[PDB]
>>> print(open('target32.cif').read())   # mmCIF, C-alpha atoms and all ligand atoms
data_model
#
loop_
_atom_site.label_atom_id
_atom_site.label_comp_id
_atom_site.auth_asym_id
_atom_site.auth_seq_id
_atom_site.Cartn_x
_atom_site.Cartn_y
_atom_site.Cartn_z
CA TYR P 1 87.59 91.08 80.96
CA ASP P 2 84.67 93.59 80.94
CA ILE P 3 86.36 96.77 82.30
CA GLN P 4 82.90 98.40 82.89
CA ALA P 5 81.22 95.47 84.76
CA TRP P 6 82.34 96.81 88.22
CA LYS P 7 79.75 99.60 88.07
CA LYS P 8 76.64 97.39 88.09
CA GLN P 9 78.39 94.99 90.50
CA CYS P 10 78.86 97.96 92.87
CA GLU P 11 75.26 99.11 92.36
CA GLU P 12 74.02 95.60 93.32
CA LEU P 13 76.38 95.46 96.34
CA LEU P 14 75.12 98.90 97.49
CA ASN P 15 71.54 97.60 97.07
CA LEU P 16 72.41 94.64 99.40
CA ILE P 17 74.06 97.09 101.84
CA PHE P 18 70.91 99.32 101.90
CA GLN P 19 68.78 96.16 102.60
CA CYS P 20 71.09 95.30 105.62
CA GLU P 21 69.83 96.64 109.00
CA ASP P 22 73.46 97.22 109.99
CA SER P 23 73.76 99.98 107.29
CA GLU P 24 71.01 102.21 108.81
CA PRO P 25 73.43 104.54 110.74
CA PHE P 26 75.54 104.96 107.56
CA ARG P 27 72.84 105.60 104.90
CA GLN P 28 72.82 109.43 105.28
CA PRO P 29 75.01 112.14 106.94
CA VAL P 30 75.25 112.87 110.75
CA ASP P 31 72.79 115.34 112.42
CA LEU P 32 75.09 117.64 114.50
CA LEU P 33 72.15 118.31 116.94
CA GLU P 34 72.34 114.51 117.70
CA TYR P 35 76.23 114.30 117.62
CA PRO P 36 77.46 117.88 118.27
CA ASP P 37 81.21 116.95 118.33
CA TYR P 38 80.98 114.80 115.15
CA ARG P 39 82.84 117.28 112.79
CA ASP P 40 85.47 118.16 115.48
CA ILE P 41 86.81 114.55 115.07
CA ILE P 42 85.75 113.72 111.45
CA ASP P 43 87.16 116.18 108.82
CA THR P 44 86.01 113.95 105.87
CA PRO P 45 82.44 112.61 106.24
CA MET P 46 81.08 109.75 104.06
CA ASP P 47 77.80 107.78 103.88
CA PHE P 48 76.32 105.17 101.53
CA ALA P 49 73.87 107.62 99.88
CA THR P 50 76.84 109.84 98.90
CA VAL P 51 78.69 106.74 97.56
CA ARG P 52 75.60 105.61 95.55
CA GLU P 53 75.04 109.14 94.19
CA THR P 54 78.74 109.45 93.21
CA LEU P 55 78.52 106.08 91.39
CA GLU P 56 75.21 106.97 89.63
CA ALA P 57 76.63 110.41 88.63
CA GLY P 58 79.46 108.70 86.78
CA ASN P 59 81.96 110.26 89.18
CA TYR P 60 83.87 107.08 90.07
CA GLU P 61 86.44 105.97 87.51
CA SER P 62 87.21 102.62 89.19
CA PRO P 63 85.91 100.37 91.95
CA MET P 64 89.09 101.27 93.93
CA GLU P 65 87.76 104.84 94.28
CA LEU P 66 84.34 103.55 95.50
CA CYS P 67 86.14 101.14 97.89
CA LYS P 68 88.18 104.14 99.29
CA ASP P 69 84.93 106.04 100.07
CA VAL P 70 83.20 103.00 101.62
CA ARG P 71 86.27 102.33 103.78
CA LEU P 72 86.14 106.02 104.89
CA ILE P 73 82.60 105.36 106.20
CA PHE P 74 84.03 102.62 108.39
CA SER P 75 87.16 104.52 109.47
CA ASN P 76 84.98 107.51 110.42
CA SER P 77 82.86 105.17 112.61
CA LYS P 78 86.01 103.78 114.28
CA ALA P 79 87.44 107.31 114.84
CA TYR P 80 84.16 108.73 116.27
CA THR P 81 83.17 105.76 118.45
CA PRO P 82 83.63 106.42 122.22
CA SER P 83 84.22 102.62 122.62
CA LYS P 84 84.94 99.33 120.75
CA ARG P 85 81.58 98.21 122.33
CA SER P 86 79.46 101.07 120.80
CA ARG P 87 76.32 99.70 119.05
CA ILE P 88 76.85 101.83 115.89
CA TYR P 89 80.57 100.93 115.72
CA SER P 90 79.72 97.20 116.14
CA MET P 91 77.25 97.54 113.19
CA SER P 92 80.11 99.18 111.16
CA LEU P 93 82.42 96.19 111.78
CA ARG P 94 79.81 93.63 110.58
CA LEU P 95 78.93 95.73 107.55
CA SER P 96 82.66 96.20 106.74
CA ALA P 97 83.20 92.42 106.83
CA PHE P 98 80.21 91.97 104.48
CA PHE P 99 81.46 94.73 102.16
CA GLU P 100 85.09 93.38 102.04
CA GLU P 101 83.78 89.83 101.41
CA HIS P 102 81.78 91.11 98.38
CA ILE P 103 84.12 93.82 96.95
CA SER P 104 87.14 91.43 96.72
CA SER P 105 85.91 89.80 93.42
CA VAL P 106 84.82 93.19 91.98
CA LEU P 107 88.33 94.61 92.48
CA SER P 108 90.04 91.40 91.26
CA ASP P 109 87.87 91.22 88.12
CA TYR P 110 88.33 94.93 87.31
CA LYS P 111 92.13 94.83 87.78
CA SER P 112 92.35 91.62 85.68
CA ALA P 113 90.21 93.19 82.94
CA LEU P 114 92.42 96.33 82.85
CA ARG P 115 95.61 94.19 82.73
CA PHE P 116 94.08 92.24 79.77
CA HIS P 117 93.17 95.59 78.11
CA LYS P 118 96.82 96.77 78.42
CA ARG P 119 98.37 93.31 77.60
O1 LIG U 201 74.01 109.66 113.04
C1 LIG U 201 74.60 108.83 112.34
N1 LIG U 201 74.16 108.52 111.12
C2 LIG U 201 73.12 109.30 110.46
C3 LIG U 201 71.74 108.76 110.66
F1 LIG U 201 71.42 108.63 111.95
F2 LIG U 201 70.80 109.55 110.12
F3 LIG U 201 71.58 107.56 110.10
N2 LIG U 201 75.72 108.19 112.78
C4 LIG U 201 76.18 108.27 114.17
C5 LIG U 201 77.66 108.60 114.26
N3 LIG U 201 78.41 107.62 113.47
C6 LIG U 201 79.26 106.68 113.91
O2 LIG U 201 79.93 106.06 113.09
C7 LIG U 201 79.41 106.26 115.29
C8 LIG U 201 80.34 105.45 115.85
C9 LIG U 201 80.01 105.33 117.20
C10 LIG U 201 78.90 106.05 117.41
CL1 LIG U 201 78.05 106.26 118.86
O3 LIG U 201 78.51 106.64 116.24
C11 LIG U 201 78.02 107.71 112.06
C12 LIG U 201 76.56 107.33 111.94
#
>>> encode(input="target32.cif", output="structure tokens", more="lines below")
Ligand SMILES: O=C(NCC(F)(F)F)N1CCN(C(=O)c2ccc(Cl)o2)CC1
Amino acid sequence: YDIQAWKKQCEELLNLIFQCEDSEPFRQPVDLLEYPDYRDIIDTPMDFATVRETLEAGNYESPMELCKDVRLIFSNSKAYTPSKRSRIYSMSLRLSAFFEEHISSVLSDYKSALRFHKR
């Protein structure tokens, strides 16, 4: 029932994500000289450095907010991909499965801790 524990849990999960080869396309923003049309399609960019920085700044209030931003990384990849069989998109799907597998307990524990706080 520790309503702060999610923050270190998210830091550790982000550390795992940065160690994963599949995260490499998603660790920083998109060079427009490499993907000129990127910001025609994607009006709300997100990457794992921005998520980590937002967390470390104290600018997430809950793991739900962090989860929203991580999911935006994946939805951006799905929206920008020219194909379901794109290498970078395929990396996004594996990393998303890994992230969802790990964030599930963080969200459950936070929400349970907040319900106990308000009991
Ligand atoms: O350029 C980058 N990342 C920045 C880096 F290269 F510095 F790491 N991306 C390429 C475009 N992105 C996609 O999600 C995507 C889906 C299908 C195809 Cl193709 O791209 C985002 C990641």
>>> residues_around(input="target32.cif", residues="residue 3 of chain P", least_positions_apart="2", cutoff="6 Å", atoms="only C-alpha atoms", output="PDB file with C-alpha atoms, in the frame of the given file")
ATOM      1  CA  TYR P   1      87.590  91.080  80.960  1.00  0.00           C
ATOM      2  CA  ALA P   5      81.220  95.470  84.760  1.00  0.00           C
ATOM      3  CA  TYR P 110      88.330  94.930  87.310  1.00  0.00           C
ATOM      4  CA  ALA P 113      90.210  93.190  82.940  1.00  0.00           C
TER       5      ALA P 113
END
>>> atom_distance(input="target32.cif", atom1="atom CA of residue 85 of chain P", atom2="atom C11 of ligand LIG 201 (chain U)")
14.4 Å
>>> residues_near_ligand(input="target32.cif", ligand="ligand LIG 201 (chain U)", cutoff="7 Å", atoms="all atoms listed in the file", output="ChimeraX atom specification")
/P:24-31,34-35,76-78,80-82,86-89
>>> closest_residue(input="target32.cif", among="P:42, P:20, P:64, P:95", to="residue 111 of chain P", atoms="all atoms listed in the file")
P:64
>>> residues_near_point(input="target32.cif", point="(87.1, 94.4, 105.8)", cutoff="12 Å", atoms="all atoms listed in the file", output="list in words")
residues 67, 68, 70, 71, 72, 73, 74, 75, 92, 93, 94, 95, 96, 97, 98, 99, 100, 101, 102, 103 and 104 of chain P
>>> closest_residue(input="target32.cif", among="P:79, P:48, P:115, P:54", to="residue 18 of chain P", atoms="only C-alpha atoms")
P:48
>>> atom_distance(input="target32.cif", atom1="atom CA of residue 12 of chain P", atom2="atom CA of residue 118 of chain P")
27.3 Å
>>> axis_aligned_box(input="target32.cif", around="segment 76-92 of chain P", padding_each_side="3 Å", output="AutoDock Vina command-line options")
--center_x 81.9 --center_y 103.0 --center_z 116.5 --size_x 17.1 --size_y 17.5 --size_z 18.2
>>> closest_residue(input="target32.cif", among="P:46, P:106, P:114, P:10", to="residue 60 of chain P", atoms="only C-alpha atoms")
P:10
>>> closest_residue(input="target32.cif", among="P:17, P:32, P:107, P:117", to="residue 66 of chain P", atoms="only C-alpha atoms")
P:107
>>> closest_residue(input="target32.cif", among="P:41, P:91, P:14, P:33", to="residue 55 of chain P", atoms="only C-alpha atoms")
P:14
>>> atom_distance(input="target32.cif", atom1="atom CA of residue 109 of chain P", atom2="atom CA of residue 4 of chain P")
10.2 Å
>>> closest_residue(input="target32.cif", among="P:84, P:2, P:36, P:11", to="residue 53 of chain P", atoms="only C-alpha atoms")
P:11
>>> decode(input="target32.cif", residues="segment 42-59 of chain P", atoms="N, CA, C and O atoms", output="PDB file, in the first residue's frame")
ATOM      1  N   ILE P  42       2.245  12.210 -37.436  1.00  0.00           N
ATOM      2  CA  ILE P  42       2.353  12.147 -35.950  1.00  0.00           C
ATOM      3  C   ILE P  42       2.356  13.570 -35.386  1.00  0.00           C
ATOM      4  O   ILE P  42       3.406  14.247 -35.480  1.00  0.00           O
ATOM      5  N   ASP P  43       1.240  13.976 -34.775  1.00  0.00           N
ATOM      6  CA  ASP P  43       1.055  15.338 -34.206  1.00  0.00           C
ATOM      7  C   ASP P  43       1.533  15.354 -32.752  1.00  0.00           C
ATOM      8  O   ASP P  43       1.714  16.454 -32.213  1.00  0.00           O
ATOM      9  N   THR P  44       1.754  14.186 -32.139  1.00  0.00           N
ATOM     10  CA  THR P  44       2.148  14.083 -30.710  1.00  0.00           C
ATOM     11  C   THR P  44       3.273  13.064 -30.574  1.00  0.00           C
ATOM     12  O   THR P  44       3.029  11.901 -30.256  1.00  0.00           O
ATOM     13  N   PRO P  45       4.539  13.481 -30.793  1.00  0.00           N
ATOM     14  CA  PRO P  45       5.670  12.568 -30.647  1.00  0.00           C
ATOM     15  C   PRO P  45       5.861  12.099 -29.197  1.00  0.00           C
ATOM     16  O   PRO P  45       5.467  12.788 -28.275  1.00  0.00           O
ATOM     17  N   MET P  46       6.456  10.918 -29.023  1.00  0.00           N
ATOM     18  CA  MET P  46       6.942  10.467 -27.695  1.00  0.00           C
ATOM     19  C   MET P  46       8.070   9.442 -27.872  1.00  0.00           C
ATOM     20  O   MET P  46       8.032   8.614 -28.850  1.00  0.00           O
ATOM     21  N   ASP P  47       9.018   9.471 -26.927  1.00  0.00           N
ATOM     22  CA  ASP P  47      10.157   8.524 -26.909  1.00  0.00           C
ATOM     23  C   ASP P  47      10.527   8.247 -25.453  1.00  0.00           C
ATOM     24  O   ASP P  47      10.085   9.001 -24.561  1.00  0.00           O
ATOM     25  N   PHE P  48      11.307   7.191 -25.225  1.00  0.00           N
ATOM     26  CA  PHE P  48      11.569   6.710 -23.870  1.00  0.00           C
ATOM     27  C   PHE P  48      12.491   7.648 -23.103  1.00  0.00           C
ATOM     28  O   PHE P  48      12.371   7.647 -21.872  1.00  0.00           O
ATOM     29  N   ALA P  49      13.329   8.443 -23.777  1.00  0.00           N
ATOM     30  CA  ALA P  49      14.112   9.463 -23.041  1.00  0.00           C
ATOM     31  C   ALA P  49      13.173  10.538 -22.488  1.00  0.00           C
ATOM     32  O   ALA P  49      13.349  11.004 -21.313  1.00  0.00           O
ATOM     33  N   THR P  50      12.211  10.973 -23.263  1.00  0.00           N
ATOM     34  CA  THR P  50      11.228  11.983 -22.795  1.00  0.00           C
ATOM     35  C   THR P  50      10.446  11.378 -21.611  1.00  0.00           C
ATOM     36  O   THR P  50      10.221  12.056 -20.601  1.00  0.00           O
ATOM     37  N   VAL P  51      10.047  10.124 -21.701  1.00  0.00           N
ATOM     38  CA  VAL P  51       9.289   9.507 -20.576  1.00  0.00           C
ATOM     39  C   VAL P  51      10.171   9.483 -19.323  1.00  0.00           C
ATOM     40  O   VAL P  51       9.701   9.875 -18.213  1.00  0.00           O
ATOM     41  N   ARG P  52      11.420   9.029 -19.457  1.00  0.00           N
ATOM     42  CA  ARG P  52      12.352   8.935 -18.316  1.00  0.00           C
ATOM     43  C   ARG P  52      12.581  10.326 -17.713  1.00  0.00           C
ATOM     44  O   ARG P  52      12.517  10.462 -16.479  1.00  0.00           O
ATOM     45  N   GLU P  53      12.776  11.321 -18.564  1.00  0.00           N
ATOM     46  CA  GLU P  53      13.051  12.690 -18.098  1.00  0.00           C
ATOM     47  C   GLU P  53      11.830  13.215 -17.369  1.00  0.00           C
ATOM     48  O   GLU P  53      12.024  13.879 -16.362  1.00  0.00           O
ATOM     49  N   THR P  54      10.632  12.956 -17.880  1.00  0.00           N
ATOM     50  CA  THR P  54       9.367  13.415 -17.267  1.00  0.00           C
ATOM     51  C   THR P  54       9.226  12.785 -15.880  1.00  0.00           C
ATOM     52  O   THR P  54       8.974  13.499 -14.874  1.00  0.00           O
ATOM     53  N   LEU P  55       9.477  11.484 -15.791  1.00  0.00           N
ATOM     54  CA  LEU P  55       9.486  10.762 -14.497  1.00  0.00           C
ATOM     55  C   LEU P  55      10.504  11.382 -13.527  1.00  0.00           C
ATOM     56  O   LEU P  55      10.163  11.728 -12.354  1.00  0.00           O
ATOM     57  N   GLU P  56      11.733  11.605 -13.985  1.00  0.00           N
ATOM     58  CA  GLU P  56      12.846  12.022 -13.095  1.00  0.00           C
ATOM     59  C   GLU P  56      12.635  13.478 -12.709  1.00  0.00           C
ATOM     60  O   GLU P  56      13.101  13.847 -11.605  1.00  0.00           O
ATOM     61  N   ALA P  57      11.929  14.254 -13.522  1.00  0.00           N
ATOM     62  CA  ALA P  57      11.555  15.653 -13.196  1.00  0.00           C
ATOM     63  C   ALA P  57      10.475  15.728 -12.120  1.00  0.00           C
ATOM     64  O   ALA P  57      10.148  16.829 -11.632  1.00  0.00           O
ATOM     65  N   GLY P  58       9.832  14.607 -11.789  1.00  0.00           N
ATOM     66  CA  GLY P  58       8.681  14.697 -10.914  1.00  0.00           C
ATOM     67  C   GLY P  58       7.485  15.243 -11.613  1.00  0.00           C
ATOM     68  O   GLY P  58       6.727  15.954 -11.006  1.00  0.00           O
ATOM     69  N   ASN P  59       7.317  14.967 -12.903  1.00  0.00           N
ATOM     70  CA  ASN P  59       6.209  15.531 -13.684  1.00  0.00           C
ATOM     71  C   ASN P  59       5.209  14.442 -14.097  1.00  0.00           C
ATOM     72  O   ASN P  59       4.320  14.744 -14.841  1.00  0.00           O
TER      73      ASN P  59
END
